[PDB]
Amino acid sequence: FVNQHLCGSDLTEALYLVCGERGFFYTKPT
Amino acid sequence: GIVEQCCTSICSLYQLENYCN
């Protein structure tokens with residue numbers, strides 16, 4: 001995906017895929 | 001965080017890689 005705006009789920013989605021079986025990382029500040 | 005880093009601003013897949021596991 002070239003030049004992509006990922007926030008909240010949109011980021012988790014790609015995040016979940018960019019890595020996937022490789023596990024990923026997210027902010028989830030709370 | 002890295003959210004806005006890729007959302008507000010945009011990033012490439014190589015960066016989301018650095019943010020992977």
# chains A, B, ... in the order shown; residues from 1 in each chain; ligands from 1
>>> interface_residues(of="chain A", to="chain B", cutoff="8 Å", atoms="only C-alpha atoms", output="ChimeraX atom specification")
/A:1-8,11,15,18-19,22-27
>>> write_last_selection(atoms="N, CA and C atoms", output="PDB file, in the first residue's frame")
ATOM      1  N   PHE A   1       0.866  -1.215   0.000  1.00  0.00           N
ATOM      2  CA  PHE A   1       0.000   0.000   0.000  1.00  0.00           C
ATOM      3  C   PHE A   1       0.890   1.248   0.000  1.00  0.00           C
ATOM      4  N   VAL A   2       0.863   2.006  -1.062  1.00  0.00           N
ATOM      5  CA  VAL A   2       1.717   3.227  -1.136  1.00  0.00           C
ATOM      6  C   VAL A   2       0.992   4.417  -0.503  1.00  0.00           C
ATOM      7  N   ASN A   3       1.706   5.248   0.215  1.00  0.00           N
ATOM      8  CA  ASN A   3       1.064   6.435   0.857  1.00  0.00           C
ATOM      9  C   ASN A   3      -0.298   6.038   1.423  1.00  0.00           C
ATOM     10  N   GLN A   4      -0.344   5.629   2.661  1.00  0.00           N
ATOM     11  CA  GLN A   4      -1.649   5.230   3.249  1.00  0.00           C
ATOM     12  C   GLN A   4      -1.885   5.965   4.572  1.00  0.00           C
ATOM     13  N   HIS A   5      -3.118   6.323   4.821  1.00  0.00           N
ATOM     14  CA  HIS A   5      -3.482   7.027   6.084  1.00  0.00           C
ATOM     15  C   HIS A   5      -4.147   6.002   7.007  1.00  0.00           C
ATOM     16  N   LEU A   6      -3.428   5.503   7.977  1.00  0.00           N
ATOM     17  CA  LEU A   6      -4.014   4.461   8.868  1.00  0.00           C
ATOM     18  C   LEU A   6      -4.190   4.951  10.296  1.00  0.00           C
ATOM     19  N   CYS A   7      -5.401   4.930  10.779  1.00  0.00           N
ATOM     20  CA  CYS A   7      -5.641   5.335  12.185  1.00  0.00           C
ATOM     21  C   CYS A   7      -6.615   4.341  12.826  1.00  0.00           C
ATOM     22  N   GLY A   8      -6.598   4.236  14.124  1.00  0.00           N
ATOM     23  CA  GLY A   8      -7.526   3.293  14.811  1.00  0.00           C
ATOM     24  C   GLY A   8      -7.518   1.935  14.106  1.00  0.00           C
ATOM     25  N   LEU A  11      -5.452   1.196  11.064  1.00  0.00           N
ATOM     26  CA  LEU A  11      -4.030   0.883  11.347  1.00  0.00           C
ATOM     27  C   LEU A  11      -3.942  -0.555  11.854  1.00  0.00           C
ATOM     28  N   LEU A  15      -1.724  -3.204  10.259  1.00  0.00           N
ATOM     29  CA  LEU A  15      -0.819  -3.752  11.311  1.00  0.00           C
ATOM     30  C   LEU A  15      -1.075  -5.251  11.427  1.00  0.00           C
ATOM     31  N   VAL A  18       0.264  -6.478   7.891  1.00  0.00           N
ATOM     32  CA  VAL A  18       1.733  -6.281   7.635  1.00  0.00           C
ATOM     33  C   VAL A  18       2.514  -7.371   8.340  1.00  0.00           C
ATOM     34  N   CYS A  19       2.179  -7.610   9.563  1.00  0.00           N
ATOM     35  CA  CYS A  19       2.888  -8.671  10.324  1.00  0.00           C
ATOM     36  C   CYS A  19       2.041  -9.937  10.279  1.00  0.00           C
ATOM     37  N   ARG A  22       3.290 -12.826  12.105  1.00  0.00           N
ATOM     38  CA  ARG A  22       4.503 -12.234  12.729  1.00  0.00           C
ATOM     39  C   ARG A  22       4.097 -11.331  13.893  1.00  0.00           C
ATOM     40  N   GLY A  23       2.848 -11.357  14.273  1.00  0.00           N
ATOM     41  CA  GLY A  23       2.398 -10.491  15.399  1.00  0.00           C
ATOM     42  C   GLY A  23       2.676  -9.034  15.035  1.00  0.00           C
ATOM     43  N   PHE A  24       1.935  -8.113  15.582  1.00  0.00           N
ATOM     44  CA  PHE A  24       2.177  -6.686  15.235  1.00  0.00           C
ATOM     45  C   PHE A  24       2.195  -5.828  16.496  1.00  0.00           C
ATOM     46  N   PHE A  25       2.222  -4.536  16.327  1.00  0.00           N
ATOM     47  CA  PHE A  25       2.254  -3.632  17.504  1.00  0.00           C
ATOM     48  C   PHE A  25       1.322  -2.437  17.266  1.00  0.00           C
ATOM     49  N   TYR A  26       0.760  -1.896  18.313  1.00  0.00           N
ATOM     50  CA  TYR A  26      -0.166  -0.735  18.157  1.00  0.00           C
ATOM     51  C   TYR A  26      -0.027   0.186  19.370  1.00  0.00           C
ATOM     52  N   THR A  27      -0.591   1.358  19.304  1.00  0.00           N
ATOM     53  CA  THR A  27      -0.473   2.309  20.446  1.00  0.00           C
ATOM     54  C   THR A  27      -1.486   1.960  21.537  1.00  0.00           C
TER      55      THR A  27
END
>>> select_by_dssp(residues="chain B", states="alpha helix (DSSP H)", output="list in words")
residues 3, 4, 5, 6, 13, 14, 15, 16, 17 and 18 of chain B
